[PDB]
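A short worksheet on the structure shown next.
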Amino acid sequence: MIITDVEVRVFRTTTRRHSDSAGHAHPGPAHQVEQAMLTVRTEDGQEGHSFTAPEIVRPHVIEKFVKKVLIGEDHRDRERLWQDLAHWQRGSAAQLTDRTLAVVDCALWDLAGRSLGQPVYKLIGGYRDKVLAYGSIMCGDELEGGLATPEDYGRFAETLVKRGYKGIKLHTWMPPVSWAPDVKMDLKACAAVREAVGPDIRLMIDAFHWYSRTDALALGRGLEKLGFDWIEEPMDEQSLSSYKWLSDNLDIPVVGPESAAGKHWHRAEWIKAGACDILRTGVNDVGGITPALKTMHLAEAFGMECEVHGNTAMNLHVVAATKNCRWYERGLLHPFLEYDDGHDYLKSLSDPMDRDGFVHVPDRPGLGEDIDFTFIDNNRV
Ligand SMILES: [Mg+2]
């Protein structure tokens, strides 16, 4: 069960998903994007895999940090290995990130699952085999017929309800969109969606992540008359105090923190200070499945829900293994893209959804990602 190799394979995936200068996703021309796959192998030849961006698992990080911690170690000692990596972050000159911790932890979970022939959520201790998912809409754009106007969001929302989604979350306009951000426009989009889907579909909004306190209050107040389930990260999450203030001034539930650093430790501070009404976590945000589970348990002890940020198997398994999370986040979605088509490097979807809005966790070992190793080999960088 001893780890003998840690390898990274970079390949090209064909996609229409682009990201602007601020990191927001948008649909664009079909192009090839470099993707990396991390593989951990043991003495007996068993392997575990996980995907991430090339820079996160580049040679510098693999040689200086990851191999030194994993090679020659019992792969099942996930807590000891995660803690070893966490301990080296402070002195890593800012290069050993939570993102690197997440991919390594995920590969370790996949390795244990594949080695035992067990789905990761079943190994953790399963709670549910299927879970409701909300359609998470991409940030706004300036594409005619895409997500350029409030009406465009309303029209896309109708399409998502038809698909089966019981919940819908809007990500509104953000720079570099020429005129963004604009609280009034964001509210018009929210109103358009509510008008289009009716009062029975659950709605949420994840607007510009850096609004001032005054703008966030105006946004939240406008959401009141629309009956939205929650307002997500409307202000810079580095300001815990701003969230304590905003929560005390809004009726609508505030969910967070999504992007704030500090992993589960910082999440505890948000609970202690009453900075949110619903907690938030994510495998990529807190450094892996291991710390994500800790954040779920933390929230549960306070009788709170903890909504998991992000799609893909790693997050789906956390959701399936816990009770205090209302949804699995399926997206990001856009009218110009067909999410159900999947990825070219995966033979099947990790998160198939039925016509009733329930995603069914695949009955496959580990994270259950149906990897097309042949495609990856044929498209190596
Ligand atoms: Mg968000």
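The chains in the structure tokens are called A, B, ... from first to last as shown; in each chain the residues are counted from 1, and the ligands are counted from 1 in the order shown.
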Spatial neighbours of residue 273 of chain A, max dist 10 Å, only C-alpha atoms, sep filter under 4 positions, as number ranges by chain:
A: 240-241, 243-244, 268-269
Write down as JSON, numbers by chain the residues of segment 81-270 of chain A whose backbone DSSP state falls under alpha helix (DSSP H).
{"A": [81, 82, 83, 84, 85, 86, 87, 88, 89, 98, 99, 100, 101, 102, 103, 104, 105, 106, 107, 108, 109, 110, 111, 112, 113, 114, 115, 116, 120, 121, 122, 123, 124, 150, 151, 152, 153, 154, 155, 156, 157, 158, 159, 160, 161, 162, 163, 183, 184, 185, 186, 187, 188, 189, 190, 191, 192, 193, 194, 195, 196, 197, 213, 214, 215, 216, 217, 218, 219, 220, 221, 222, 223, 224, 240, 241, 242, 243, 244, 245, 246, 247, 248, 249, 263, 264, 265, 266, 267, 268, 269, 270]}
With 12 Å as the cut-off and only C-alpha atoms counted, what is the closest atom pair between each nearby residue of segment 176-255 of chain A and segment 291-314 of chain A? Distances in Å to one decimal, ordered by chain and number, as a tab-separated table.
residue	atom	partner	partner_atom	distance
A:206	CA	A:309	CA	11.5
A:230	CA	A:307	CA	11.0
A:232	CA	A:307	CA	10.7
A:233	CA	A:309	CA	11.8
A:253	CA	A:305	CA	11.4
A:254	CA	A:307	CA	11.4
A:255	CA	A:307	CA	8.0
Would you export the selected residues with N, CA, C and O atoms as a JSON list (two decimals), in the first residue's frame, please?
[["chain", "number", "residue", "atom", "x", "y", "z"],
["A", 206, "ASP", "N", -25.45, 34.97, -7.13],
["A", 206, "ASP", "CA", -24.04, 35.08, -6.80],
["A", 206, "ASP", "C", -23.57, 36.23, -7.68],
["A", 206, "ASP", "O", -23.14, 36.02, -8.82],
["A", 230, "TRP", "N", -31.05, 32.65, -1.26],
["A", 230, "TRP", "CA", -29.83, 33.17, -0.67],
["A", 230, "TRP", "C", -29.08, 34.13, -1.58],
["A", 230, "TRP", "O", -29.30, 34.17, -2.79],
["A", 232, "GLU", "N", -25.20, 35.20, -2.45],
["A", 232, "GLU", "CA", -23.86, 34.63, -2.32],
["A", 232, "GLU", "C", -22.71, 35.56, -2.67],
["A", 232, "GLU", "O", -22.69, 36.17, -3.73],
["A", 233, "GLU", "N", -21.75, 35.65, -1.75],
["A", 233, "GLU", "CA", -20.54, 36.46, -1.91],
["A", 233, "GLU", "C", -20.73, 37.78, -2.65],
["A", 233, "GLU", "O", -20.15, 38.01, -3.71],
["A", 253, "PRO", "N", -31.14, 35.01, 3.44],
["A", 253, "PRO", "CA", -29.96, 34.32, 3.96],
["A", 253, "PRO", "C", -28.69, 34.63, 3.17],
["A", 253, "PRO", "O", -28.71, 34.73, 1.93],
["A", 254, "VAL", "N", -27.59, 34.80, 3.89],
["A", 254, "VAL", "CA", -26.29, 35.06, 3.29],
["A", 254, "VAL", "C", -25.51, 33.76, 3.41],
["A", 254, "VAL", "O", -25.43, 33.18, 4.49],
["A", 255, "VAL", "N", -24.95, 33.29, 2.29],
["A", 255, "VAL", "CA", -24.18, 32.05, 2.30],
["A", 255, "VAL", "C", -22.72, 32.36, 2.02],
["A", 255, "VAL", "O", -22.41, 33.16, 1.14]]
re atom CA of residue 326 of chain A and atom CA of residue 134 of chain A: distance 9.4 Å
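Distances here use only C-alpha atoms and all ligand atoms; by that measure, the residue among A:352, A:198, A:257, A:227 closest to ligand 1 is A:257.
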Could you list, as JSON, numbers by chain, every residue within 9 Å of residue 205 of chain A, counting only C-alpha atoms and ignoring same-chain residues fewer than 2 positions away?
{"A": [168, 169, 170, 171, 172, 186, 190, 203, 207, 223, 228, 229, 230, 231, 232, 233, 234]}
Would you write out those residues with C-alpha atoms, as a PDB file, in the first residue's frame?
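Output contents, as saved in out30.pdb:
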ATOM      1  CA  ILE A 168     -31.460  27.975 -10.317  1.00  0.00           C
ATOM      2  CA  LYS A 169     -28.577  30.259  -9.364  1.00  0.00           C
ATOM      3  CA  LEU A 170     -27.645  33.350 -11.333  1.00  0.00           C
ATOM      4  CA  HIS A 171     -24.094  34.665 -11.586  1.00  0.00           C
ATOM      5  CA  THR A 172     -24.638  38.207 -12.860  1.00  0.00           C
ATOM      6  CA  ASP A 186     -28.473  42.497 -11.462  1.00  0.00           C
ATOM      7  CA  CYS A 190     -33.312  38.371 -10.846  1.00  0.00           C
ATOM      8  CA  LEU A 203     -33.687  30.978  -6.835  1.00  0.00           C
ATOM      9  CA  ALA A 207     -23.334  38.642  -7.921  1.00  0.00           C
ATOM     10  CA  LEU A 223     -33.951  40.466  -3.531  1.00  0.00           C
ATOM     11  CA  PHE A 228     -34.706  34.385  -3.284  1.00  0.00           C
ATOM     12  CA  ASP A 229     -33.228  31.571  -1.166  1.00  0.00           C
ATOM     13  CA  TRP A 230     -29.829  33.172  -0.674  1.00  0.00           C
ATOM     14  CA  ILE A 231     -27.392  35.881  -1.682  1.00  0.00           C
ATOM     15  CA  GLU A 232     -23.865  34.628  -2.320  1.00  0.00           C
ATOM     16  CA  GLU A 233     -20.536  36.458  -1.914  1.00  0.00           C
ATOM     17  CA  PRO A 234     -21.713  39.976  -2.781  1.00  0.00           C
TER      18      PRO A 234
END
Would you please give, as a ChimeraX atom specification, all residues of segment 6-233 of chain A that DSSP assigns to strand (DSSP E or B) based on the backbone?
/A:6-19,25-42,47-52,74,119,130-137,167-171,202-206,230-232
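Between atom CA of residue 91 of chain A and atom CA of residue 59 of chain A there is a distance of 17.8 Å.
Taking atom CA of residue 176 of chain A and atom CA of residue 196 of chain A as the two end points, the separation is 27.8 Å.
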Test item: residues at most 12 Å from residue 263 of chain A, only C-alpha atoms, excluding those fewer than 2 positions along its chain, as JSON, numbers by chain:
{"A": [86, 97, 98, 99, 101, 102, 257, 258, 259, 260, 261, 265, 266, 267, 268, 269, 270, 280, 281, 282, 283, 284, 285, 286, 287, 288, 289, 290, 291, 292, 293, 294, 295, 296, 298]}
Expected file contents, prior selection, N, CA, C and O atoms, as a compact mmCIF listing (two decimals), in the first residue's frame:
# COMPACT_ATOMS: atom_id res chain seq x y z
N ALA A 86 -0.12 20.66 4.62
CA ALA A 86 -0.63 21.90 5.20
C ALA A 86 0.46 22.62 5.97
O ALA A 86 0.58 23.84 5.92
N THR A 97 -0.25 25.87 -2.77
CA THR A 97 -1.60 26.37 -2.56
C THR A 97 -2.65 25.35 -2.14
O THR A 97 -2.42 24.14 -2.21
N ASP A 98 -3.80 25.85 -1.70
CA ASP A 98 -4.89 24.96 -1.29
C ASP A 98 -5.31 24.14 -2.51
O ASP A 98 -5.77 23.01 -2.38
N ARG A 99 -5.15 24.73 -3.70
CA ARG A 99 -5.50 24.03 -4.93
C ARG A 99 -4.62 22.80 -5.11
O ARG A 99 -5.09 21.75 -5.55
N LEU A 101 -3.15 21.15 -2.66
CA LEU A 101 -3.56 20.22 -1.61
C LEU A 101 -4.81 19.46 -2.04
O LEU A 101 -4.94 18.26 -1.79
N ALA A 102 -5.74 20.16 -2.68
CA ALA A 102 -6.99 19.55 -3.12
C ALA A 102 -6.81 18.42 -4.12
O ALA A 102 -7.43 17.36 -3.98
N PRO A 257 -18.26 31.42 3.66
CA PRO A 257 -17.49 32.07 2.61
C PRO A 257 -17.08 31.05 1.55
O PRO A 257 -16.75 29.91 1.87
N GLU A 258 -17.09 31.46 0.28
CA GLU A 258 -16.69 30.52 -0.76
C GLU A 258 -15.20 30.56 -1.07
O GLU A 258 -14.53 29.53 -1.04
N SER A 259 -14.69 31.76 -1.36
CA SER A 259 -13.29 31.92 -1.75
C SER A 259 -12.28 32.22 -0.65
O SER A 259 -11.08 32.06 -0.86
N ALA A 260 -12.75 32.66 0.51
CA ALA A 260 -11.84 32.99 1.61
C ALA A 260 -10.87 31.85 1.92
O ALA A 260 -11.24 30.68 1.87
N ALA A 261 -9.63 32.20 2.24
CA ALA A 261 -8.62 31.20 2.58
C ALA A 261 -8.85 30.77 4.03
O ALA A 261 -9.82 31.18 4.66
N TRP A 265 -10.65 26.09 9.37
CA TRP A 265 -10.39 26.96 10.51
C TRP A 265 -11.09 28.30 10.33
O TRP A 265 -11.78 28.78 11.22
N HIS A 266 -10.90 28.90 9.16
CA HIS A 266 -11.52 30.20 8.91
C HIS A 266 -13.04 30.09 8.84
O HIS A 266 -13.76 31.03 9.21
N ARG A 267 -13.53 28.95 8.37
CA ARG A 267 -14.97 28.73 8.27
C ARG A 267 -15.57 28.77 9.68
O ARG A 267 -16.68 29.26 9.87
N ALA A 268 -14.84 28.25 10.65
CA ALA A 268 -15.31 28.25 12.04
C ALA A 268 -15.47 29.68 12.53
O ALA A 268 -16.41 30.00 13.26
N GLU A 269 -14.56 30.56 12.11
CA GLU A 269 -14.63 31.96 12.52
C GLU A 269 -15.89 32.62 11.97
O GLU A 269 -16.49 33.47 12.64
N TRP A 270 -16.29 32.24 10.76
CA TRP A 270 -17.50 32.81 10.17
C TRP A 270 -18.71 32.40 11.00
O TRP A 270 -19.65 33.18 11.16
N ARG A 280 -20.42 27.82 3.57
CA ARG A 280 -20.05 27.37 2.23
C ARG A 280 -18.66 26.76 2.28
O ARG A 280 -17.82 27.17 3.08
N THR A 281 -18.45 25.75 1.45
CA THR A 281 -17.16 25.09 1.37
C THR A 281 -17.04 24.60 -0.06
O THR A 281 -17.93 24.84 -0.88
N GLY A 282 -15.95 23.92 -0.36
CA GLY A 282 -15.74 23.40 -1.69
C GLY A 282 -14.41 22.68 -1.67
O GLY A 282 -13.48 23.14 -1.01
N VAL A 283 -14.32 21.55 -2.37
CA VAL A 283 -13.07 20.80 -2.38
C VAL A 283 -11.89 21.66 -2.81
O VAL A 283 -10.83 21.63 -2.17
N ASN A 284 -12.05 22.44 -3.87
CA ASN A 284 -10.96 23.29 -4.33
C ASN A 284 -10.71 24.48 -3.41
O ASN A 284 -9.60 25.00 -3.34
N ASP A 285 -11.75 24.90 -2.69
CA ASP A 285 -11.63 26.04 -1.81
C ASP A 285 -10.98 25.79 -0.46
O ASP A 285 -10.34 26.68 0.09
N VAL A 286 -11.13 24.58 0.07
CA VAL A 286 -10.54 24.29 1.38
C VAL A 286 -9.41 23.28 1.36
O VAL A 286 -8.93 22.86 2.41
N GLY A 287 -8.97 22.89 0.17
CA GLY A 287 -7.85 21.97 0.07
C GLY A 287 -8.12 20.48 -0.01
O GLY A 287 -7.27 19.69 0.40
N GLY A 288 -9.27 20.08 -0.52
CA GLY A 288 -9.54 18.66 -0.65
C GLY A 288 -10.82 18.14 -0.03
O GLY A 288 -11.56 18.86 0.64
N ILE A 289 -11.08 16.86 -0.28
CA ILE A 289 -12.25 16.18 0.25
C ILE A 289 -12.14 16.08 1.77
O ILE A 289 -13.11 16.29 2.49
N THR A 290 -10.94 15.77 2.27
CA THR A 290 -10.75 15.64 3.71
C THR A 290 -11.18 16.91 4.46
O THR A 290 -12.03 16.84 5.35
N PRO A 291 -10.61 18.08 4.12
CA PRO A 291 -11.04 19.28 4.84
C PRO A 291 -12.48 19.70 4.52
O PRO A 291 -13.14 20.35 5.33
N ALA A 292 -12.98 19.33 3.35
CA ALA A 292 -14.35 19.67 2.99
C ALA A 292 -15.29 18.93 3.94
O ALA A 292 -16.27 19.50 4.43
N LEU A 293 -14.99 17.67 4.21
CA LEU A 293 -15.81 16.89 5.12
C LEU A 293 -15.77 17.52 6.51
O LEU A 293 -16.78 17.56 7.20
N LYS A 294 -14.60 18.02 6.91
CA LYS A 294 -14.50 18.66 8.22
C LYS A 294 -15.40 19.88 8.29
O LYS A 294 -16.04 20.12 9.32
N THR A 295 -15.47 20.65 7.21
CA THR A 295 -16.32 21.84 7.20
C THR A 295 -17.80 21.44 7.24
O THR A 295 -18.62 22.15 7.82
N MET A 296 -18.15 20.31 6.63
CA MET A 296 -19.54 19.85 6.64
C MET A 296 -19.95 19.47 8.06
O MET A 296 -21.05 19.79 8.52
N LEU A 298 -18.50 20.52 10.84
CA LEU A 298 -18.47 21.74 11.64
C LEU A 298 -19.84 22.41 11.56
O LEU A 298 -20.45 22.75 12.58
